[PDB]
Amino acid sequence: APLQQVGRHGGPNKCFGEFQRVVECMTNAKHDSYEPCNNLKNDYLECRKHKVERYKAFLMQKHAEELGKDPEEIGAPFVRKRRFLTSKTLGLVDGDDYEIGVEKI
Amino acid sequence: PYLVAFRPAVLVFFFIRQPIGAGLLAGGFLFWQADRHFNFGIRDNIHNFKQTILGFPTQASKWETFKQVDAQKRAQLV
Amino acid sequence: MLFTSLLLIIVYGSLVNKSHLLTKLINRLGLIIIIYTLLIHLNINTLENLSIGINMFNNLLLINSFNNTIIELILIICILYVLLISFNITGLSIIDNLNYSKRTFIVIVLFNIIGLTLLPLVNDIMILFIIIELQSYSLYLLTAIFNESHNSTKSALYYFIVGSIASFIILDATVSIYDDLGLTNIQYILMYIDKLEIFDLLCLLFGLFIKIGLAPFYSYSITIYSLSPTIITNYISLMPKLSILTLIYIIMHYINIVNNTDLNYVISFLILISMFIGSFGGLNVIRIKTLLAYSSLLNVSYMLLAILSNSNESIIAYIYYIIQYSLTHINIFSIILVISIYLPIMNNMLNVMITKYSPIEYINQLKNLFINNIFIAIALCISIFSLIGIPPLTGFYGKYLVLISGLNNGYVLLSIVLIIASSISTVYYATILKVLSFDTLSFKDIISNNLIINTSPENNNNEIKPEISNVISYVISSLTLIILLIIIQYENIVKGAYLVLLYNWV
Amino acid sequence: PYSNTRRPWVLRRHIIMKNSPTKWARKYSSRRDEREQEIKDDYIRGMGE
Amino acid sequence: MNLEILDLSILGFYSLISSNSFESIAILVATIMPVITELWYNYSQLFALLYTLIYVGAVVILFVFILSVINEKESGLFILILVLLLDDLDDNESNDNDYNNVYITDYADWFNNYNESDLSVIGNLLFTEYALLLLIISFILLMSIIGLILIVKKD
Amino acid sequence: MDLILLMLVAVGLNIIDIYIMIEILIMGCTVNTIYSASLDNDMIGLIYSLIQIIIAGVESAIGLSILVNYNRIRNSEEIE
Amino acid sequence: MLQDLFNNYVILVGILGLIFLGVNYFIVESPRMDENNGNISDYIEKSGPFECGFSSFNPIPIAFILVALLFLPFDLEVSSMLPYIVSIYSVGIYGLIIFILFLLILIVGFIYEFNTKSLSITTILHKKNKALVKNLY
Amino acid sequence: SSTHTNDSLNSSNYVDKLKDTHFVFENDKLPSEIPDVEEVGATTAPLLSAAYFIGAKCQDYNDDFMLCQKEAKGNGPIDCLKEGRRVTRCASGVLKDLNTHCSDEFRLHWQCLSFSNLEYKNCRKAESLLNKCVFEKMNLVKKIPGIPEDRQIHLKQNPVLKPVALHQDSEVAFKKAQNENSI
Amino acid sequence: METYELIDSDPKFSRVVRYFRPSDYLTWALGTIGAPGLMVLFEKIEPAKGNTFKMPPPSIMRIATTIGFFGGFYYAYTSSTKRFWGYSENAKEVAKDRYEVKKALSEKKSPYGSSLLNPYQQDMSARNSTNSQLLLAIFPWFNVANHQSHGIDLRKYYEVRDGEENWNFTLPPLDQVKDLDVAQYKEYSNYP
């Protein structure tokens, strides 16, 4: 059967495993209907777009708003400019806060 | 990457050839870009209005379904 | 066999000297190639084995007994069309030499048959877009094969633009499907037939509806058919519908799995609207090809009701109708290519300009055909009577079978409108019969020697000189008696359609 | 790194590139979004069991 | 300051007012360049360069080639800005709010020790898996060569 | 906004301007495919995009050839 | 692979474009300084075409058209050889045979346009010679 | 391959601006239920220098770590946490050995790799010294599976492709061993 | 439904030609001389120009013979293929096929032949050329590769049928047959 969901390196990509488990269930011979494979179909769609998981992130954002939880103390620290991934931020022992070199590798 | 090189030159000729319109389009562009950096939510509200008027599930609507389920899933624990 | 011989014809035609006899002889080489293709196809392909459905070329192409029926039909109708360009349609050198002025005519036709026969078999959205372009590109070239003609080139320009928008809609539906699922193979999409936006398959249908000339898109098809040469209109107004309607039937087969009603209402909205325009449109027309363009739209409207219903009786209704309608279409156009020899010649008023591309262009150029050739007039009468739906011709059984499929699925509103639309359209089929015969008895004894046929040279004055060539006459007679005498073998033919399966099985 | 997965600016702002039979249904038709919103709702509707 | 918006607003302004065919061909080049540049950054650098090589280098200079052949012959500021502003307000192509407001990541892994470019995989599949798609394409190209000559060549 | 068919105001009044709109329209389809394929890390979508770019080129060449012969057909006196 | 060094280059070249235009506009002497006879606008004599001195007022060959038109099919053939270049080893003999077949079908097009001599400009209008034939009575 | 992804650092900061990339940290360490391991601290060049000696010493654990991934059937990260620490400890064992037995031979080689684009073809003179030292003091050898012994690339006396520029410390150290050892 | 034994779901091109019956060569010959005749028959039916029979120029007859030379072979190729698939009479080929395979397994060689193609290339090649003869009337495509997806069970070549034991062929267990999937993944589970 034709290959679908081929990664950028020729191998199976992130969501190929889910799609293959769907094909095994649909083309199986011990199934009377397609009901048992209904959950596997959701997982393949979930693996690709994360729509249900993004929704869960929306409630946790919205629930903290209605409780007053401080975003900076519930969320995770982040850096927007790659030049400021300094050794002070990375936690190195004697690291400066001077910017790092992201010009040429 | 070619638009990085062309963008400075085309903008100069856009103002030289047609300054008056260029002010508005640049004026319009900056107004919304500022509203995104300062969270004026004017574009968010038009999005939240458009979803209501065309039947879409708005952010308020999604949260309401959470509260119905919130009360109902607590009510069984009574 | 088709592809391999096409390369030989491409190279050989570019070598030998430009002449009409060699161009006509190469057209008879293609007539062999199409015949050879049918013998090889029928040898390996059987209804009994293709019933399950067989994947080919890494599942890109899927073939079953429903598709296989149309490939043989397409090959047959392409033989009857090539007989026109390969032999004489009139025998008068002035009128006929148009068919032999182009050497790439047969090559482009052979290009299209590859495009037409592969379209029903497609099983991947990647190959759906490629194949639909191979068929679409071949039609534009054939429409512009007579590049000297102003109307022909103007039509190909109109055809290319409308088809380009049609192909973009088709391409956009497939992209949207790939966006939701990430899968290209149609069988893999069927696993998610309940999890995808079923209206994105409808956007695919809206692109295929443009290419078959369905209202509200009907406007361009009527214009195109009434401008191309009658030999060209004979091909481009029938062949695309043979291969696209088969594809539309399959796509609707998959669609009715989830049985979405909103999808059916929109298509019923287009079928209902098309019957109205297909019937009331042809009432006020003077050009015959414009008349057969409105006639074509109405029959496509009937054939969509069988497609839309999509049951076990819908396969029988579609399979039978698509066959009888092709033979009727070939028979009518073949006659119009012949009876141009009876046109009068001036020795004035209304300044009607006729060209060698459409020598027969107006309905009243069929006048007094009951006098000039009675036998061929009845053949045109029988053919038109089939389109009307008078039993026991082939046309009646098409409408009767379509009605069974339509009403069995609850399409009461559309069934009644099609029976109203059929009667409204009978008005303008009756006009063709009015022009053929009604003024016979006033013109019965007339002194006619100014006909085009009277400019033919006299050969010997002792031997019998037939007026019409041999091959074209045998085709007209054969298809006229098949239309007329289908009642004799109708039961066998219909029982031969019960076996054509599209995953019915058990 | 966490980054968004939104369509290109040209795909959703060009005066011509944004017009299409399916792109209007994504933008102006609720049919698709109401169907998918059911699956998101039923995630939290199944935590009771 | 996502400046890619301002390039299209200028582009959307000149598409409403173009009169001759010189400006019409300019809208083509002014649309590919944002398409190429927004593909170079973000999504795919390989298809940004394929677009330049195939669209600009091949199909764009054909337009200006025939415009010199075809011919060269022959609104109000309030309505335009009003239309452009109205066009500017609603730019959400999709209505899945969480899909447009919540960010995602992927996890890398070291299982792929044979790392090669995408164009390596595309050739790997196009010349093996979908060799029918590749062969039909050369067939579509073949028909065009015949198709161009029959349309245009005089004798 | 585009539900009032604004894009018709943005297409010029020459046959060549229609041809360009067809290319800009199809360009949107290919950009949509490249977008999905890269996010999914799927090269099959990139095979589709490569085909769309190649097929969209053949469509341009045929359309221009018809337009070119359409133009010379009027200017076909050539009795000098 | 980092490309922040490349980005600065493209930005600088973009800045270099504005400099080339404006350096002329700031270094040329004022029109009053030279001769004052007018600006480029009013001086329509100076702002005009060059026709070698005498004032005067495209039906190109179809061969030129077919040269440009046939460029497009032959370009898509060349650009679709790109995937085979970076995958020549891993497709092996199978992809090599397919590639050759992909080239043979296009070559049959090259044969077709070589036999018709489509690109030749030809001379149908002129270069005629005749035989002087006497018509004695 | 320099394709943009959603999983690591991209080409330019203009990619980050379009994607609105946030570089997110997670301060939370692992729970105490999972016994701790000392992560390997070597950088790119030392690992590529000692890669074939990690393969020679940790072959059983690497195979077993992978066989746990094959037979975990998709739950690989969670069900191979204990087998994944043996590999980390084994590899730390090799780098600690090279630092305490062949510190100068090891450093010379991966300074060459850091000098010659991390390519094995450019550092054969330093690499040959390191392999000879490791064999006598740890018994590890470099073997490339799948080919005869006589046809391994790193033993090729006259390679077709040679470095353009020489590493001074490699050429100086090599000829010294031509006196110390080639007696 | 006329069903027979499935000799080979994807018969190899060289095998299909070596299995032509004498009647298959007759069809190839008839197709070769039929196409030039069909041109003559049309002229007898109707002259191309004028009103009297005129033999077509010899150049047309040479190109006609070539076109009918491939068409005859294609008809011959498809008819020979039906026997392998079991759609046609294949008792004569079944014994001929069994003799070659039982001999092949005996020498410990693979029945399918050694292949330059790696595991993925072998399986990919099979997908393209399997059931490709159904569209052999449209465009050609042949199985010219020594792959292993032929839709048979090699166990069925061990049992002795009528008139076979006299061959006295010794068949080793498949695990020791060179170039088979059951005899290659002995060192690593992903490399043959």
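As written, the chains take the letters A, B, C, D, E, F, G, H and I, and residue 1 is the first residue of each chain.
Note that contacts are C-beta pairs under 8 Å (C-beta built on N, C-alpha and C of every residue); 3 or more make two chains touch, one makes a residue touch a chain.
The minimal number of chain-to-chain contact steps leading from chain E to chain I is 1.
Two chain pairs, A-E and G-H, are compared here, and A-E has more C-beta pairs in contact (counted per touch definition above).
Each chain gets one centre point, the mean of its Cα atoms, and the points for chain E and chain F are 9 Å apart.
Mean C-alpha positions place chain B and chain E at a centre distance of 25 Å.
The distance from the centre of chain A to the centre of chain F, with each centre set as the mean of the Cα atoms, comes to 36 Å.
Computed centre separation for the pair chain E/chain G is 21 angstrom, with centres defined by C-alpha atoms. The set of chain A residues touching two or more other chains comprises 1-10, 14-15, 42, 48, 51, 55, 58-59, 78, 102. Multi-chain contact residues of chain G, defined as those touching 2 or more other chains: 1-2, 4, 6-7, 62, 65, 69, 72-73, 75-76, 79-80, 83, 90, 94, 105, 108, 112, 116.
Residues of chain F in contact with at least two other chains: 2, 6, 10, 19, 24-25, 27-29, 31-32, 35, 38-44, 47, 50-51, 54-55, 57-58, 60-62, 64-69. Considering their complex, residues 2, 36, 39-40, 43-44 of chain D touch chain A.
Across the complex, chain B meets chain A through its residues 59, 62-63, 66. The part of chain A that touches chain C in the complex is made up of residues 1-2, 4-5, 15, 19, 22-23, 26, 37, 41-42, 44-45, 48.
Chain I meets chain E in the complex at residues 120-121, 124, 128. Partner chain F is touched in their complex by these residues of chain D: 5, 7-8, 10-11, 14-20, 23-24, 28.
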